[PDB]
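FYI, it's all coordinate maths here, none of it is from the lab. Cβ placement follows ideal geometry from the backbone for every residue including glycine, while neighbour counts extend to all protein chains displayed.
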Amino acid sequence: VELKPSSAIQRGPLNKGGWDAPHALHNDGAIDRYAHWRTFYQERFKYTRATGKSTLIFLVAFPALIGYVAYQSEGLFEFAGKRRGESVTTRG
Amino acid sequence: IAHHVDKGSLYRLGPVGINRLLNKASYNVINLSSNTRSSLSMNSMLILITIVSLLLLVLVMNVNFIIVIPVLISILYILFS
Amino acid sequence: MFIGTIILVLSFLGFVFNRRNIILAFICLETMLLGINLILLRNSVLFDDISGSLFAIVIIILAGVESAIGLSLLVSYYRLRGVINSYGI
Amino acid sequence: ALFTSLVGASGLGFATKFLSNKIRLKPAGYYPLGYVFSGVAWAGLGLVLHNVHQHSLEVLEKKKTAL
Amino acid sequence: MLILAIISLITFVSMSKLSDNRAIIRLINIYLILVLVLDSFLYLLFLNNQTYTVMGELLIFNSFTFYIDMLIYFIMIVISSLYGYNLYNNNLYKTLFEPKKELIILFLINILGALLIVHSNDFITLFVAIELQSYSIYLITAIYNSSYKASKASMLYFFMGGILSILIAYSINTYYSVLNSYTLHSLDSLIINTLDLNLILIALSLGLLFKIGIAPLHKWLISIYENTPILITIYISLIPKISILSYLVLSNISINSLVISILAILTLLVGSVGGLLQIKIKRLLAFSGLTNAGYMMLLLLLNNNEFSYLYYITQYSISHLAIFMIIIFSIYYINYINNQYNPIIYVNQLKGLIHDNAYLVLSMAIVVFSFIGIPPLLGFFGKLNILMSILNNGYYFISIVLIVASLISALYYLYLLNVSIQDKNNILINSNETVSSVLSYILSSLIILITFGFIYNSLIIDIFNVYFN
Amino acid sequence: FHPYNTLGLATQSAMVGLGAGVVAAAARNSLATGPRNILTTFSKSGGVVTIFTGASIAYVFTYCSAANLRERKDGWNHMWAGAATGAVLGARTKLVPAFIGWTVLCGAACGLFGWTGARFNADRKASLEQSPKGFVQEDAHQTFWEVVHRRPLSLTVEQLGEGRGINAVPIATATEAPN
Amino acid sequence: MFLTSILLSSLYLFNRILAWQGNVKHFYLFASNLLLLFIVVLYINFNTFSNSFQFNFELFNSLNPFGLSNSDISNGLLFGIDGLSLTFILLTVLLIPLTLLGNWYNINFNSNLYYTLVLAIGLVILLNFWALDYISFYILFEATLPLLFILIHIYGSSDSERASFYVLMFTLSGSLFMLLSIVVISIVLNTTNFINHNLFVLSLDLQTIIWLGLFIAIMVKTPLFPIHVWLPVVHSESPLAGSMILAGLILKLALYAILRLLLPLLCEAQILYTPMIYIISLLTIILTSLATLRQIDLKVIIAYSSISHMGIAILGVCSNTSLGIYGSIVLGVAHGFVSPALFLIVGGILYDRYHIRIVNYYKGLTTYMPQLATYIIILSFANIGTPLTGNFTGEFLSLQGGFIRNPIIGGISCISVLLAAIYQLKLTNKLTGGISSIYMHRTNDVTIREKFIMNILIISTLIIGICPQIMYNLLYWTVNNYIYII
Ligand SMILES: CCCCCCCCCCCCCCCCCC(=O)OC[C@H](COP(=O)(O)OCCN)OC(=O)CCCCCCCCCCCCCCCCC
Ligand SMILES: CCCCCCCCCCCCCCCCCC(=O)OC[C@H](COP(=O)(O)OCCN)OC(=O)CCCCCCCCCCCCCCCCC
Ligand SMILES: CCCCCCCCCCCCCCCCCC(=O)OC[C@H](COP(=O)(O)OCCN)OC(=O)CCCCCCCCCCCCCCCCC
Ligand SMILES: CCCCCCCCCCCC(=O)OC[C@H](COP(=O)(O)OCC[N+](C)(C)C)OC(=O)CCCCCCCCCCC
Ligand SMILES: CCCCCCCCCCCCO[C@H]1O[C@H](CO)[C@@H](O[C@H]2O[C@@H](CO)[C@H](O)[C@H](O)[C@@H]2O)[C@H](O)[C@H]1O
Ligand SMILES: CCCCCCCCCCCCO[C@H]1O[C@H](CO)[C@@H](O[C@H]2O[C@@H](CO)[C@H](O)[C@H](O)[C@@H]2O)[C@H](O)[C@H]1O
Ligand SMILES: CCCCCCCCCCCCO[C@H]1O[C@H](CO)[C@@H](O[C@H]2O[C@@H](CO)[C@H](O)[C@H](O)[C@@H]2O)[C@H](O)[C@H]1O
Ligand SMILES: CCCCCCCCCCCCO[C@H]1O[C@H](CO)[C@@H](O[C@H]2O[C@@H](CO)[C@H](O)[C@H](O)[C@@H]2O)[C@H](O)[C@H]1O
């Protein structure tokens, strides 16, 4: 016995049955290449002196600034209905 | 932002870096039992190495724990790097 | 205790570092069982206990059956290949 | 309730018969007596589980009564 | 019943032709079904977790072991159905899947060894049963002697199991040298905290565990599972694991071991990572079994682990049988038969199965997402109960490793589904051959169990609370 | 706390790493493929001895130093030790971003390992099972795993701090007209 | 009569309909509208003067697994609705039929599987809003990922494989930490139910640990910076029904999860941790908006737009102010109206005509496609928060709450009002503006179906923007149930 699939299996092509509509878009190629580049930038990214700058800014420094501000300003301000001479701060 | 953070570092700590990390770790894991010439001597050596390494590691942790930690880190490095 | 540990350890090393034969692997397994049985029987004598000798005679029987089955498996391997080489099990 | 459990177990049996017929690449009503046989079989399993559970609860209640 | 079956089948097979072995398998399958139906009322003996010692004090019978035995009968029923019923009545499927004459006898003897492992209370019984399992499963790996790969695997498995059995015997005889006993009932609080005894006990545990592929000793068994026939792999990858892990769970031997924790972490990481570059199906499933063995190693450190282990081993057995059955069913649609023994090897041969059989791919999806542990399926509740136990007992780093392994394993579990739901040219339109009714029903029943067993979890817990507490 | 002896533990560290590197070099020599001898154990080893020794020295030195600088025993010391060990393992690849990533990621990993208790095992007297659990009975101090229907307000104010809603007296009673 | 008789009648009718007409979409749309009507009847029969849970029912009990429980020992899954649940339930039943009708004519291969998966995801989300324990919530929170994987993989765009793997793996990653949290809760309390879980006061040092897992899940599902990168890919490469469902309901499941799992329990951990939430939310707002300003794909732009508004909603819900909670809920509802309309425009109108989403091809739709331009302008100015739309009401009140809680962060977060306008109008101006593109031929304007969908979604947001107060009869308890002030 030569091990081959069953002869009973009749096979045919995959036909998704869509109505082929006319060409509504004339693809450009340059735009498509620009789009592929800008969509799959993630696979070509490399750490350099320019990229690491933005990383250590936006993922280290700016969160640290916001966090210092947030944890110092935690329960500092309470100025509902406050009046002249009354302190709007709870602490010093 | 869009290219160095959102499509850079956050994909590296993400789908790209994990993919490369796991490619290398998988390749190192499967290219460990190196020689298909003889499957018996190799795995026999693995039994020997496992028993010896375990005995010495249990000695080391009885002596003091924190010394065994970098030994295990280096073993993972040898197995997965 | 000493003779058995020595035979066991040397048989294990001669199993692990065998780049020569398959017969040496069989021999090292059998000598390992021998070493265990000798430690077992020395403890049987010192404690004046029968459970050790019972376990020992059971090991004799089981090792015989192990040898029979292993040397049937080798014969199947040789049925197909015709030569049992230095390597490749 | 018993009747609910038997109905649901028979539904699981119908699902098994259906999925069997579909794995076989047959229509879903290929041999409709198999639905009846699967129903009674899975309902018997469900009845067994129901009785085991009821005896378990009776045991844990007899313990309280004897306490 | 098993020994009656063995002593009956030996005679009846000796006095029968090779044309009768399939019908013999059918007969003994119905025998096992009748046993599991009529004799399963013995669960009432174990009410309120009453435990019995039998054959002197050589065997132990409780609810745990009764359940594992029912499970092993169920597994043997499925595996015998795969040998006793032809998928298709073609010459191909009469060339690929034929039972050999002695295969059923060896299966039943291996089942006997499995159960005498789980029921063991003395180490002499454990050793005799370990050897009765391992010799029989050597011969099961070797019975298809017209395969080069299978003979090679037979011999590797013989030698490695022999060495690990030497280790088990050394552990047992050292335990005897120290305590003058072969029984673990001889241990208590006082003996544990008065004698340093962990080297012997962990040596026993590792000699038993490396026989099921615990890292770093996994490659040999994965090669054996790859190189064996598919219908032999389905057995030899499951039943030894159940037996040995059930013994090690019933025997509370490694309650807070550091070595077992380390090796379990290693098993998880290896079984998750190494399966990512596997292109073959059986190696992928072997690494899946490895990581599940790691999940079950974790509950050897608990001292209250019956529910988690029983749930997880039952669901893993059902999923394992289902996925191997789906790979067996997919051979009708693969376009290239690789061997007489492993007709399907590579995962990309499953490409386009949804266009030939869509509900087979639904089954595959259910099983894959149970392996991943997606609710409301059964693997999710398994993982949940394991996590519950290990976090109740203080394993917090192992839990994060468990999550990470659950995530990394999903990739190679999803490889199968992804390629299966891809598009293919040259689809199937008609076929006059139909697959078996019985095997189709068995697979559908397993899938329905995976899908709808969560309905009964309340009832199962209420029964457990009476028979195991 | 009790201070750590840095140089002694690190010398033990270095000797242990050296022995482990020798064992790994021997294992590599015996498992390898090509023609090899007793010469090649240190010639053809891929820096295994230096890996083990450097990792061991770095981890133990940094751990004990941070424990003596911080004057504490906690998981941040394991974070620093992992940072140092990763720096050693990443200096092998002669690249800056890989070095930084190795440092940061193994720092995070070993710091998680220390956060969880610095153990692959369990404590087993701090676990939930062996510890007092459930509802606490009569005004007793709530332990870690215990549950309470109603907590003390002084405790809340100390744990959280005054401000942002949370005050030592409720607002309505504190602004109730003394009538 | 019987229960089984009635559902067997429905089942037999479904089988015969499928036999005669080989499609399921008509029956599923009938069931869609029937479920909407039943939920409206439940709202008619809903008491607004009780904070309790109503229409309770229990499933998978020991005594009746295939039925409802009346037991004195409850071991199954609990279900029941509060006003908070009912709001999002109304949204869900409103949106499901529109997601089915948005893909009525553009699925020409294996249609029935598409419609089954869509309706199944919708019903899982409905049941998830009906849940009243951690485990039923979880098993309905994670049960969408198989269906979404299959839907996106089979019926998705070019990069559909990557999106399928993302929507499963990212969500599973967060949800497994949620599972660790839930496991800890269950072993410590020995109970999982959303009715009396504010009575159990855990210790602070354990609250602070449970909160971490729940918040990692909420960060991956909301999404929030730095774990927001899956959302552009998934929302872009999915079929239209998937994107609509996702952006409208699955993102709001995280908001509901905060309010239902994390605030009532874990009050002290939350009141200690919320400045970190504010850090993450402000980052998620500003950096995601600026990242939107340099995207070239339309559906991707709308996808990024969802994230900033969900960050504003997080500011509101983590504010410990009644106005902030109400604003976050109104944001969820109004975004669930408006964002699927934008997704329809950019994934079912334009994508169905041109099969491309790169901005460089699109220009001057106003000339041949004027109705579409009117819709684009309306929905853009609604998405950026123009008054008399619920988007503004929600943004306004969420930022009020954020300012009350932290004036500095809550005040800096008000540049959302600008950046939204920038990234939305930079797209609208190009699409509607200029001479019509030379890369595009002329095609039909919007149809009656597309217009029906967009008009429903515009009427709803204009109603809740002109009188937001109509949603208060189901929320005047919820705006005070999750506030920790002594
Ligand atoms: C008791 C304390 C124990 C605590 C644990 C301590 C951890 C010790 C870890 C050391 C063990 C060795 C494992 C090292 C990783 C293996 C692969 C490797 O060497 O990393 C390099 C890899 C390279 O990518 P590339 O540069 O493109 O390829 C050229 C490489 N020569 O790298 C990359 O692909 C890029 C990496 C980018 C960063 C990705 C970070 C993802 C973080 C989530 C990780 C989850 C997966 C964990 C996998 C487990 C693997 C063991
Ligand atoms: C099977 C093949 C046939 C060949 C067999 C060869 C003989 C068998 C040797 C023994 C059996 C093999 C054991 C396998 C290794 C694993 C052993 C193990 O894991 O047990 C360790 C156990 C402690 O671990 P655990 O209980 O999990 O954690 C709780 C700690 N309180 O228990 C312990 O604490 C162990 C006690 C520590 C002492 C270990 C002794 C090692 C001493 C070596 C010193 C050598 C001198 C220095 C270096 C020389 C090199 C030049
Ligand atoms: C001489 C003087 C002695 C002085 C006394 C003190 C000495 C201390 C000695 C400690 C033990 C050192 C043992 C070193 C490991 C054994 C050598 C080795 O190389 O192991 C790997 C081995 C071969 O690998 P190789 O052939 O070189 O090829 C690699 C390509 N991937 O192939 C193998 O598979 C064998 C594996 C053995 C592994 C043993 C178990 C290690 C446990 C892993 C820990 C993981 C835990 C970390 C968890 C973190 C989770 C993120
Ligand atoms: C038992 C055959 C196993 C073969 C595999 C089939 C699973 C059967 C499950 C019944 C278990 C039982 O009902 O029992 C509950 C057992 C202990 O109860 P018991 O002492 O064994 O008494 C049972 C008496 N019987 C034999 C007469 C029935 O608790 C457990 O931890 C069971 C955990 C298994 C979880 C898997 C659930 C699968 C969904 C079931 C949908 C019907
Ligand atoms: C460009 C990529 C590289 C940049 C990545 C930056 C990631 C941040 C890593 C720096 C980690 C240093 O983090 C530091 O924080 C803790 C507290 O917060 C310090 O330790 C301090 O902790 C407090 C608790 O908060 C202790 O009770 C004690 O007061 C101690 O002084 C440690 O000395 C150090 O671990
Ligand atoms: C991949 C993503 C990873 C992010 C997920 C992070 C979750 C990690 C779990 C963090 C919580 C662990 O919780 C932690 O809390 C307590 C302090 O409260 C620690 O405190 C305890 O440490 C141990 C070690 O000395 C001792 O018991 C000590 O007396 C103390 O009680 C525990 O060692 C640890 O259990
Ligand atoms: C991602 C979220 C899920 C992470 C997975 C882990 C969840 C479980 C968290 C770890 C629990 C750690 O909890 C452990 O530490 C706490 C201290 O904080 C200890 O609690 C004990 O601390 C001691 C101080 O050392 C005090 O006396 C205190 O009254 C209590 O008895 C316990 O020894 C133990 O309960
Ligand atoms: C999968 C599709 C998604 C569907 C999701 C929508 C589900 C909607 C279900 C809402 C209806 C629940 O309504 C529920 O009312 C009461 C609770 O007081 C339940 O409980 C009622 O049981 C009956 C018992 O005979 C009695 O009337 C009892 O006094 C009680 O009122 C009902 O059994 C249930 O019908």
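Observations
- Over the range G:78-228: Rg over Rh, Cα atoms, Kirkwood Rh: 1.02
- Nearby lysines by direct alpha-carbon distance to residue A:16 (threshold 17 angstrom, same-chain neighbours under 8 apart not counted): E:424
- Expressed in units of 2.2 N^0.38 Å, where N is the residue count, the Cα radius of gyration of chain D is 1.57.
- Separation of alpha-carbon centers, the range G:274-304 and the range A:25-59, rounded to whole Å: 17 Å
- Computed over the Cα atoms of the protein assembly as shown, the ratio of the radius of gyration to the Kirkwood radius (Rg/Rh) comes to 0.96.
- Degrees between helix E:63-84 axis and first principal axis of chain E (Cα, 0 to 90, nearest 10): 20 degrees
- Fewest-first ranking of E:119, G:441, using other Cβ atoms within 10 Å as the exposure measure: G:441, E:119
- Distance between the modelled labels on residue C:41 and residue G:452, one decimal in nanometres: 9.4 nm (7 Å Cα→Cβ projection).
- Members of E:94/E:280; B:7/G:430; D:63/E:241; D:22/E:149; E:149/E:351 lying beyond 28 Å, as alpha-carbon distances in this model show: D:63/E:241; D:22/E:149
- Checking every one of the chymotrypsin sites (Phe, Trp or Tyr not before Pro) in the range F:1-65 against DSSP loop status and a limit of 12 other Cβ atoms within 10 Å picks out F:1.
- With Cα atoms, 0 to 90° folded angle of helix E:258-273 axis to chain E main axis: 10 degrees
- Annotation: average projected area of the range F:80-148 is 6.4 square nanometres, based on the convex hull of Cα atoms across all directions.
- Theoretical FRET efficiency, 1/(1+(r/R0)^6), r = Cβ-Cβ of residue E:16 and residue G:196, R0 51 Å, to 0.05: 0.15
- For chain A, the C-alpha radius of gyration sits at 2.61 times the compact-globule guess of 2.2 N^0.38 Å, with N the residue count.
- Förster-model FRET efficiency, 30 Å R0, residue D:47 and residue E:437, C-beta, rounded to 0.05: 0.75
- Gyration tensor (alpha-carbon) shape descriptor, chain C, a/c threshold 1.5: oblate
- Förster radius 45 Å - calculated FRET efficiency between residue C:72 and residue G:208, Cβ distance, rounded to 0.05: 0.10
- Only helices reaching 24 angstrom along their own axis (Cα) with mean Kyte-Doolittle hydropathy no lower than 0.5 count here, and for the DSSP H runs of chain F these are F:6-31, F:48-69, F:96-115.
- For chain C: relative contact order, % (alpha-carbon pairs under 8 angstrom, 6 or more apart): 32 percent
- Within straight-line cross-link reach of residue D:26, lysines at Cα separation under 17 Å, skipping those fewer than 8 residues along the same chain: D:17
- Under the span-like rule (Cα at least 18 Å along the axis, Kyte-Doolittle mean at least 1.6), DSSP H helices of chain G: G:25-44, G:83-101, G:111-129, G:160-189, G:204-221, G:298-317, G:448-466
- Relative to the longest principal axis of the Cα atoms of chain C, helix C:23-47 runs at roughly 10 degrees.
- Distance between the range E:433-451 and the range C:12-30 - C-alpha centres, whole angstrom: 47 Å
- Among A:86, E:226, G:161, a tally of other beta-carbon atoms within 10 Å of each Cβ gives an order, fewest to most, of A:86, G:161, E:226.
- Within the range C:62-89, backbone nitrogen closer than 17 Å to the virtual label 7 Å beyond the Cα of residue C:24 toward Cβ: C:84-89
- Residues E:255, G:466, ranked from the fewest to the most other C-beta atoms within 10 Å, line up as G:466, E:255.
- When all alpha carbon pairs of chain G are counted in 20 Å bins from zero, the resulting P(r) reads 24, 58, 18, 1 %.
- Point-to-point label distance, residue C:54-residue G:108, nm (Cα→Cβ direction, 7 Å offset): 8.1 nm
- Amide hydrogen neighbours beyond the local backbone of residue E:426, cut-off 5 Å, H modeled: A:14
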